[PDB]
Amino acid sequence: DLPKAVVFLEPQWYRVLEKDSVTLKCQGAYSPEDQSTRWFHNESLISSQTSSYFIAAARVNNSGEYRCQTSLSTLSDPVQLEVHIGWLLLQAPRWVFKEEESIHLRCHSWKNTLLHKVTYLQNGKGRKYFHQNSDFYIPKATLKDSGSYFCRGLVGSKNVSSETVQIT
């Protein structure tokens, strides 16, 4: 029918933390004369009204499935949002990776805390070690990944690990 609107994740991680902040955007129509985006949570209606949903403190009662739709742009498609709680979090863009593409892994912290001596592991064994905190760009798909990928760090002195995520 009419053009579908799309939900844009600001930032691009659909996995957040009980204190991290996410902002959602929606482009599809820009409601020519007068803007309005109508937002949908778990199949319902939020009173945001603007073109951007503002989630400062993420906290479970904020996860689910999301949708949007301006003055046209039909109705947006389903974008998921998870909100774990912990110290570490292996953020990713998506997790379905076959054939050969490029992955941009991130070992998130918590309450923008620093993370000393960071590591990324391949269902057990590590593959890339870093002294300070940075992401783990892997270009051109390994053709043998697809095992549990997680990360471990050091939040001051605490020995913190991350909850696993399976990629393929």
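Numbers for residues come from their place in the sequence shown, where the first is 1.
Looking at 93-101 and 79-87 together, the entry lists the larger mean B-factor for 93-101, computed on C-alpha atoms. For the segment pair 42-50 and 138-146, the entry gives 138-146 the higher mean B-factor, averaged over Cα atoms. In this structure the maximum Cα B-factor among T119, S63, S109, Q132 is found at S109. Among the modelled residues of its chain, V7 has a C-alpha B-factor that falls in the lowest third, as given in the PDB entry.
Among the modelled residues of its chain, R67 has a C-alpha B-factor that falls in the lowest third, as given in the PDB entry. The entry lists a Cα temperature factor for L114 that places it in the lowest third of the chain's modelled residues. Sorting the modelled residues of the chain by their CA temperature factor places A58 in the lowest third.
In the PDB entry, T23 places in the highest third of its chain by CA B-factor.
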